[PDB]
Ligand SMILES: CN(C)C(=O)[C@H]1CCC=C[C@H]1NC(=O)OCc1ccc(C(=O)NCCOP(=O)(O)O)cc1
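Take a look at this one chain, the form solved without this ligand, written out in structure tokens.
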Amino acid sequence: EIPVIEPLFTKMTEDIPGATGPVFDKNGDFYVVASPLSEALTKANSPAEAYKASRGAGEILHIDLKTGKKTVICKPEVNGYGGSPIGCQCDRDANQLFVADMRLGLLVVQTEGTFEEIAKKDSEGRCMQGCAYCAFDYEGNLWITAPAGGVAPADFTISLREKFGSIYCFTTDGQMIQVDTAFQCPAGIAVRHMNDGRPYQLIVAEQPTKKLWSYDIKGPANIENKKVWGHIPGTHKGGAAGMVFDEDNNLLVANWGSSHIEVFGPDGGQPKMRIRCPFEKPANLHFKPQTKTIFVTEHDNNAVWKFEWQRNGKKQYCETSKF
């Protein structure tokens, strides 16, 4: 039996469809992503059906943590095609967000709301797929999951039932390298680092398959030894979505549809503990820097909550020093 804890959750905000991409920038400002397409995929009989019902482009919102006021930072669209941002990370050398988008690929978003679409195509020259989750390594290379088909203007599709989801690395030389493919809905992603700051394991959630995969990282866009690393419990619709490390390199994983966040030790395997949530659909999570406080987004109430974890979070790339 896996032991379960039931900490206190405090609701921070609501009325955010498909709430995801919780992120803190270098100033300690907190952002979340609204995703009409996420919410639609939850209710549809198909990706197409979901795409059709989706009210519009998603948005990056600033949330004031004292007042709860939501401010639209960016509503990305390119050429009439609405973006579907999901996952975010803050850069280290500039206060700007790198945003995985299921319709537009990888974005760089400024706090004043301008943005750049980073890649129409990958380095081999093939079209880009829609991106969902991303994680910086401490070198500045961005690892990205891509569960969707081609970016707009291709029809929207997602690898929820077929194997076509891919993994990329966007390197510090600005190359978008496809590093793996034929996933069934690759979702959350994380980089385990060595004591010395060196990147060395890539953890990737494959959502409906209730699996976490690992690879050994040997350099920028250079991975091998692909293995199943962790088991996600339950037979519910869903599976692992976002994930984050704590300071001890335990991996916390939102298990969408299970009402739990799963906690894996450094060697993976089975969860060592589960965290019971007051909602069925935790989607994504992020630590408040230099704190034990975890912010969690959820799709029962399209809300953001916080709870206290047993230790501080692992530093993100944005919190580390250039030298």
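In case it trips you up, residue 1 is the first one in the sequence shown, and so on.
What follows is about the form solved in complex with this ligand, which we do not show.
The three marked residues, 190, 251 and 263, fail to reach this ligand in the bound PDB entry, with no heavy atom of any inside 4.5 Å.
A heavy atom within 4.5 Å of this ligand in the bound PDB entry is found for one listed residue only; from 104, 204, 134, 86, this is 86. Though this ligand is absent from this view, in the bound PDB entry it lies within 4.5 Å of a heavy atom of just one residue from 74, 212, 241, 144, which is 241. Heavy atoms within 4.5 Å of this ligand in the bound PDB entry belong, among the stretches 194-202, 224-232, 91-99, 126-134, to residues of 126-134. This ligand is not drawn, but in the bound PDB entry it has a heavy atom within 4.5 Å of residue 237. When this ligand is considered in the bound PDB entry, residue 119 lies well away from it, no heavy atom lying within 4.5 Å. Though the partner is left out of this view, residue 185 does reach within 4.5 Å of this ligand in the bound PDB entry, counting heavy atoms only.
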